[PDB]
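This report concerns only the one structure given below.
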There are 2 protein chains.
Amino acid sequence: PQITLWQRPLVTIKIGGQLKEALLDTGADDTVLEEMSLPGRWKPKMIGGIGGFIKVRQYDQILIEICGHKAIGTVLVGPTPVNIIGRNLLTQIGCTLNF
Amino acid sequence: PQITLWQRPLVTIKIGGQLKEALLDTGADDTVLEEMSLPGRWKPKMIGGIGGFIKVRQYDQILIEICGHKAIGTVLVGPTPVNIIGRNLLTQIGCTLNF
Ligand SMILES: CC(C)[C@H](NC(=O)OCc1ccccc1)C(=O)N[C@@H](Cc1ccccc1)P(=O)(O)[C@H](Cc1ccccc1)NC(=O)[C@@H](NC(=O)OCc1ccccc1)C(C)C
């Protein structure tokens, strides 16, 4: 699609058997999701944004279908008030910003 | 411009007599720029991101020439590490997410 930004760029994602809406984000290097029960081993890692830093669980090689497009990447899980799809996955579904 | 996301989407902006480089961000509702010198009255505002809540000086009606396109809007100035061009100006330069 072509998503104008008059409203938050939200899309449906399917990850670990669950359905969630996530923000398409060019200002996020990483994908960070709300806490869910995602199966597997996870290294600790910490990220920053405004306000500070949060501790997240790094899950790597997770498959996630963003708008029907599938991708596999690292997904950080942690206390975030919105789920975020960052550039590490946005490049796999072929996403470009245009103006 | 068509901008792929392998690299951070940074574009140059000319704001208040000064040259800056900022992040084109579809995950920011607002525009938040590094603490800088800008003329005007401001009102305190507070924004939230991950990790927490920063207090910022809110400015309305500031002209920003983003990637050599002009636009006028509210600009927040405060303790960020990267300047962000959020959706309140991204829609003025006509920007779209495309996949
Ligand atoms: C999502 C994270 C993976 C991403 N962080 C990240 O990429 O870290 C890079 C970094 C940081 C520090 C040092 C070194 C490197 C991140 O925090 N990105 C924000 C922009 C940014 C900040 C710091 C460094 C680089 C870039 P963002 O993607 O624009 C973030 C997305 C988001 C997170 C949480 C909640 C909502 C939305 N927006 C924001 O934080 C804006 N907040 C915002 O739009 O919503 C207000 C809100 C909504 C809901 C609840 C509470 C508050 C803010 C710029 C005003």
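In the structure tokens, each chain is lettered A, B, ... as it comes, each chain's residues begin at 1, and ligands are numbered from 1 in order of appearance.
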For chain B, work out the contacting residues on chain A at 7 Å, counting only C-alpha atoms, and write them as a PyMOL selection string. chain A and resi 1-6+23-27+48-54+80+87+91+93-99
What would the file look like if the residues just selected were written as a CSV table (one decimal), in the first residue's frame with C-alpha atoms?
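part.csv was written with the following content:
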```
chain,number,residue,atom,x,y,z
A,1,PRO,CA,0.0,0.0,0.0
A,2,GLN,CA,0.7,3.7,0.1
A,3,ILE,CA,0.2,4.9,3.7
A,4,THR,CA,-0.2,8.7,4.2
A,5,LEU,CA,0.7,9.9,7.7
A,6,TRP,CA,-2.5,11.7,8.6
A,23,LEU,CA,3.3,0.9,14.2
A,24,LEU,CA,5.3,1.1,11.0
A,25,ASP,CA,8.3,3.0,12.2
A,26,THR,CA,11.3,4.5,10.3
A,27,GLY,CA,12.7,6.1,13.6
A,48,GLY,CA,17.1,3.8,24.6
A,49,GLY,CA,14.5,6.3,23.2
A,50,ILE,CA,13.3,9.5,24.9
A,51,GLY,CA,13.0,9.3,28.7
A,52,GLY,CA,15.6,6.7,28.9
A,53,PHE,CA,16.4,3.1,28.5
A,54,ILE,CA,14.4,0.0,29.0
A,80,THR,CA,6.7,-0.4,25.3
A,87,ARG,CA,13.9,-0.7,10.1
A,91,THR,CA,13.6,-3.3,4.9
A,93,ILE,CA,9.0,-6.2,3.4
A,94,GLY,CA,10.4,-3.6,0.9
A,95,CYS,CA,9.3,-0.4,2.7
A,96,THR,CA,10.5,3.0,1.3
A,97,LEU,CA,9.6,6.5,2.6
A,98,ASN,CA,8.8,8.9,-0.4
A,99,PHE,CA,8.2,12.6,-0.8
```
The coordinates of chain B, once least-squares superposed on chain A over all sequentially paired C-alpha atoms, should be supplied as a short mmCIF file (atom, residue, chain, number, x, y, z; two decimals) with C-alpha atoms, in the first residue's frame.
```cif
data_model
loop_
_atom_site.label_atom_id
_atom_site.label_comp_id
_atom_site.auth_asym_id
_atom_site.auth_seq_id
_atom_site.Cartn_x
_atom_site.Cartn_y
_atom_site.Cartn_z
CA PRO B 1 0.30 -0.13 -0.08
CA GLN B 2 0.88 3.57 -0.19
CA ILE B 3 0.32 4.85 3.40
CA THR B 4 -0.24 8.56 4.08
CA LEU B 5 0.68 9.83 7.57
CA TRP B 6 -2.42 11.75 8.78
CA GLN B 7 -3.20 8.81 11.02
CA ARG B 8 -0.70 6.59 12.87
CA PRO B 9 0.70 4.04 10.33
CA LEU B 10 -0.66 0.88 12.06
CA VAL B 11 -0.70 -2.39 10.29
CA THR B 12 -1.71 -5.85 11.48
CA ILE B 13 0.98 -8.48 12.19
CA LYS B 14 0.64 -12.19 12.96
CA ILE B 15 3.40 -13.19 15.34
CA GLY B 16 3.77 -16.39 17.31
CA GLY B 17 0.17 -17.61 16.83
CA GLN B 18 -1.23 -14.13 17.71
CA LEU B 19 -2.81 -11.18 15.90
CA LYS B 20 -1.38 -7.73 16.73
CA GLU B 21 -1.49 -4.21 15.37
CA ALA B 22 1.89 -2.42 15.20
CA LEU B 23 3.37 0.90 14.15
CA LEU B 24 5.46 1.09 10.93
CA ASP B 25 8.35 3.05 12.28
CA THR B 26 11.23 4.63 10.31
CA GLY B 27 12.67 6.05 13.59
CA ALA B 28 13.20 2.72 15.34
CA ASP B 29 16.37 0.80 14.53
CA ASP B 30 14.80 -2.28 16.02
CA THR B 31 11.46 -3.98 16.45
CA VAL B 32 10.07 -3.76 20.02
CA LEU B 33 6.74 -5.60 20.83
CA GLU B 34 4.55 -5.40 23.94
CA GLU B 35 5.31 -7.94 26.62
CA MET B 36 3.89 -11.12 25.23
CA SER B 37 4.21 -14.85 25.15
CA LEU B 38 6.70 -16.05 22.57
CA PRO B 39 8.65 -19.41 22.50
CA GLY B 40 12.47 -19.52 22.63
CA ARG B 41 15.61 -18.50 24.44
CA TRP B 42 16.22 -14.81 24.69
CA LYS B 43 19.24 -12.72 25.76
CA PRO B 44 18.84 -9.46 27.72
CA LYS B 45 19.38 -6.32 25.71
CA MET B 46 18.67 -2.65 26.67
CA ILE B 47 17.37 -0.02 24.21
CA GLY B 48 17.25 3.75 24.55
CA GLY B 49 14.51 6.15 23.36
CA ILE B 50 13.40 9.50 24.75
CA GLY B 51 13.03 9.72 28.52
CA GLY B 52 15.22 6.64 28.88
CA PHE B 53 16.55 3.13 28.65
CA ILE B 54 14.47 -0.07 28.74
CA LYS B 55 15.76 -3.66 29.36
CA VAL B 56 14.21 -6.11 26.85
CA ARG B 57 14.29 -9.83 26.01
CA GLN B 58 15.90 -10.11 22.67
CA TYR B 59 14.73 -12.90 20.29
CA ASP B 60 16.46 -13.71 16.97
CA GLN B 61 14.92 -15.57 14.12
CA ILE B 62 11.24 -14.88 14.84
CA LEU B 63 8.83 -15.04 11.90
CA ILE B 64 6.46 -12.04 11.70
CA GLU B 65 3.83 -11.76 9.04
CA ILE B 66 3.58 -8.00 8.62
CA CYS B 67 0.67 -6.75 6.75
CA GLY B 68 0.48 -10.15 5.08
CA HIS B 69 4.12 -10.16 4.02
CA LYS B 70 6.45 -12.57 5.88
CA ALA B 71 9.83 -11.66 7.29
CA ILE B 72 12.25 -13.17 9.89
CA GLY B 73 14.38 -11.20 12.30
CA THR B 74 15.26 -10.16 15.78
CA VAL B 75 12.25 -9.04 17.82
CA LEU B 76 12.68 -7.37 21.28
CA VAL B 77 9.90 -7.92 23.76
CA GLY B 78 9.46 -5.61 26.67
CA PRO B 79 7.76 -2.69 28.36
CA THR B 80 6.73 -0.54 25.40
CA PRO B 81 3.15 0.96 25.08
CA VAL B 82 2.86 0.44 21.28
CA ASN B 83 4.49 -2.39 19.24
CA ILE B 84 7.04 -1.07 16.75
CA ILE B 85 8.19 -2.63 13.44
CA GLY B 86 11.61 -0.97 13.16
CA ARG B 87 14.01 -0.79 10.19
CA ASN B 88 15.44 -4.26 10.57
CA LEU B 89 12.14 -5.68 9.16
CA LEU B 90 10.86 -2.62 7.29
CA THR B 91 13.59 -3.17 4.70
CA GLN B 92 12.50 -6.86 4.36
CA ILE B 93 8.98 -6.08 3.29
CA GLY B 94 10.49 -3.54 0.90
CA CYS B 95 9.09 -0.38 2.59
CA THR B 96 10.19 3.19 1.46
CA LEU B 97 9.72 6.71 2.66
CA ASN B 98 8.49 8.78 -0.30
CA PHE B 99 8.15 12.53 -0.73
#
```
Would you list, as a CSV table (one decimal) with N, CA, C and O atoms, in the first residue's frame, the residues of stretch 12-76 of chain B that end up in strand (DSSP E) under DSSP run on this structure's backbone?
```csv
chain,number,residue,atom,x,y,z
B,12,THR,N,18.5,16.9,5.7
B,12,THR,CA,18.9,18.2,6.2
B,12,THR,C,17.7,19.1,6.3
B,12,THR,O,16.8,19.1,5.5
B,13,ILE,N,17.7,20.0,7.3
B,13,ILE,CA,16.7,20.9,7.6
B,13,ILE,C,17.3,22.3,7.9
B,13,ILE,O,18.4,22.3,8.4
B,14,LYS,N,16.7,23.4,7.5
B,14,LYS,CA,17.2,24.7,7.8
B,14,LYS,C,16.1,25.2,8.7
B,14,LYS,O,15.0,25.4,8.3
B,15,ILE,N,16.5,25.5,10.0
B,15,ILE,CA,15.5,26.0,10.9
B,15,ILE,C,16.2,27.1,11.7
B,15,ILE,O,17.4,27.0,12.0
B,18,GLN,N,19.7,28.1,11.1
B,18,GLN,CA,20.7,27.1,11.3
B,18,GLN,C,20.5,25.8,10.4
B,18,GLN,O,19.4,25.5,10.1
B,19,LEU,N,21.6,25.1,10.1
B,19,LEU,CA,21.5,23.9,9.3
B,19,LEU,C,21.6,22.7,10.3
B,19,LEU,O,22.4,22.6,11.2
B,20,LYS,N,20.6,21.8,10.1
B,20,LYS,CA,20.6,20.6,11.0
B,20,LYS,C,20.3,19.4,10.1
B,20,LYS,O,20.1,19.5,8.9
B,21,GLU,N,20.4,18.2,10.7
B,21,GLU,CA,20.2,16.9,10.0
B,21,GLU,C,19.2,16.3,11.0
B,21,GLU,O,19.3,16.4,12.2
B,22,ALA,N,18.1,15.8,10.5
B,22,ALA,CA,17.1,15.2,11.3
B,22,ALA,C,16.5,13.9,10.7
B,22,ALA,O,16.7,13.6,9.5
B,23,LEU,N,15.9,13.1,11.5
B,23,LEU,CA,15.4,11.8,11.2
B,23,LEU,C,13.9,11.9,10.7
B,23,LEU,O,13.1,12.5,11.4
B,24,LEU,N,13.6,11.3,9.6
B,24,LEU,CA,12.2,11.4,9.1
B,24,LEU,C,11.6,10.2,9.8
B,24,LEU,O,11.8,9.0,9.5
B,32,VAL,N,10.5,16.8,17.5
B,32,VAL,CA,11.3,17.2,18.7
B,32,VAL,C,12.7,17.4,18.2
B,32,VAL,O,13.3,16.6,17.6
B,33,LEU,N,13.3,18.7,18.4
B,33,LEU,CA,14.6,19.0,18.0
B,33,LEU,C,15.4,19.3,19.2
B,33,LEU,O,15.0,19.7,20.3
B,43,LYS,N,5.6,27.3,25.4
B,43,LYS,CA,4.7,26.8,26.5
B,43,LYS,C,5.4,25.5,26.9
B,43,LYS,O,5.8,24.8,26.0
B,44,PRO,N,5.6,25.2,28.1
B,44,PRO,CA,5.9,23.8,28.5
B,44,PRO,C,4.9,22.7,28.1
B,44,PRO,O,3.6,22.8,28.4
B,45,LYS,N,5.5,21.6,27.6
B,45,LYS,CA,4.7,20.5,27.2
B,45,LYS,C,5.5,19.3,27.7
B,45,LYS,O,6.6,19.6,28.2
B,46,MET,N,5.1,18.1,27.7
B,46,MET,CA,5.8,16.9,28.1
B,46,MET,C,5.4,15.8,27.1
B,46,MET,O,4.3,15.8,26.7
B,47,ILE,N,6.4,15.1,26.6
B,47,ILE,CA,6.1,14.0,25.6
B,47,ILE,C,6.6,12.7,26.3
B,47,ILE,O,7.5,12.7,27.1
B,48,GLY,N,6.0,11.6,25.8
B,48,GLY,CA,6.4,10.3,26.3
B,48,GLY,C,7.1,9.5,25.2
B,48,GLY,O,6.6,9.5,24.0
B,53,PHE,N,9.2,10.0,30.0
B,53,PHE,CA,8.6,11.3,29.7
B,53,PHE,C,9.4,12.6,29.7
B,53,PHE,O,9.6,13.1,30.8
B,54,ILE,N,9.8,13.2,28.6
B,54,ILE,CA,10.5,14.5,28.7
B,54,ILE,C,9.6,15.8,28.7
B,54,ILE,O,8.5,15.8,28.1
B,55,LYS,N,10.1,16.8,29.3
B,55,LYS,CA,9.5,18.1,29.4
B,55,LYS,C,10.1,18.9,28.3
B,55,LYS,O,11.3,18.8,28.3
B,56,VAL,N,9.4,19.5,27.4
B,56,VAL,CA,9.9,20.3,26.3
B,56,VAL,C,9.2,21.7,26.1
B,56,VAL,O,8.1,21.9,26.6
B,57,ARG,N,9.9,22.6,25.4
B,57,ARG,CA,9.5,23.9,25.2
B,57,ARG,C,8.8,23.7,23.8
B,57,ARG,O,9.4,23.2,22.8
B,58,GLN,N,7.5,24.0,23.8
B,58,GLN,CA,6.7,23.9,22.7
B,58,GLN,C,6.7,25.2,21.9
B,58,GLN,O,6.3,26.2,22.5
B,59,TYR,N,6.9,25.2,20.6
B,59,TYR,CA,6.8,26.4,19.8
B,59,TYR,C,5.8,26.2,18.6
B,59,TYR,O,5.9,25.2,18.0
B,60,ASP,N,4.9,27.1,18.4
B,60,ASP,CA,4.0,26.9,17.3
B,60,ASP,C,4.4,27.9,16.2
B,60,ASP,O,5.2,28.8,16.5
B,61,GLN,N,4.0,27.6,15.0
B,61,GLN,CA,4.3,28.4,13.9
B,61,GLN,C,5.8,28.6,13.5
B,61,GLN,O,6.2,29.6,12.9
B,62,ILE,N,6.6,27.6,13.7
B,62,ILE,CA,8.0,27.8,13.2
B,62,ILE,C,8.1,27.2,11.8
B,62,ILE,O,7.5,26.2,11.5
B,63,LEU,N,8.9,27.9,11.0
B,63,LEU,CA,9.1,27.6,9.6
B,63,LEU,C,10.3,26.6,9.6
B,63,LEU,O,11.3,27.0,10.3
B,64,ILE,N,10.2,25.5,8.9
B,64,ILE,CA,11.3,24.5,8.8
B,64,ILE,C,11.4,24.2,7.4
B,64,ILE,O,10.4,24.1,6.7
B,65,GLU,N,12.6,24.2,6.8
B,65,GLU,CA,12.8,23.9,5.4
B,65,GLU,C,13.3,22.6,5.6
B,65,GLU,O,14.4,22.5,6.1
B,66,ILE,N,12.6,21.5,5.2
B,66,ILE,CA,12.9,20.1,5.3
B,66,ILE,C,13.2,19.7,3.9
B,66,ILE,O,12.3,19.8,3.0
B,70,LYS,N,9.4,23.7,2.2
B,70,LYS,CA,9.1,24.5,3.4
B,70,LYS,C,7.9,24.0,4.0
B,70,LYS,O,7.0,23.4,3.3
B,71,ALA,N,7.7,24.2,5.3
B,71,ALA,CA,6.5,23.8,6.1
B,71,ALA,C,6.5,24.6,7.4
B,71,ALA,O,7.5,25.0,7.9
B,72,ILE,N,5.3,24.8,8.0
B,72,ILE,CA,5.2,25.6,9.2
B,72,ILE,C,4.5,24.7,10.2
B,72,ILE,O,3.4,24.2,9.9
B,73,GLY,N,4.9,24.7,11.5
B,73,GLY,CA,4.2,23.9,12.4
B,73,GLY,C,4.8,24.1,13.8
B,73,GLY,O,5.6,25.0,14.0
B,74,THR,N,4.3,23.3,14.7
B,74,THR,CA,4.7,23.2,16.1
B,74,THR,C,6.0,22.4,16.1
B,74,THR,O,6.0,21.3,15.5
B,75,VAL,N,7.0,22.9,16.8
B,75,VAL,CA,8.3,22.3,16.9
B,75,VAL,C,8.5,22.2,18.4
B,75,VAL,O,8.2,23.2,19.1
B,76,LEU,N,9.0,21.1,19.0
B,76,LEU,CA,9.2,20.9,20.5
B,76,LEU,C,10.7,21.0,20.6
B,76,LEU,O,11.4,20.4,19.7
```
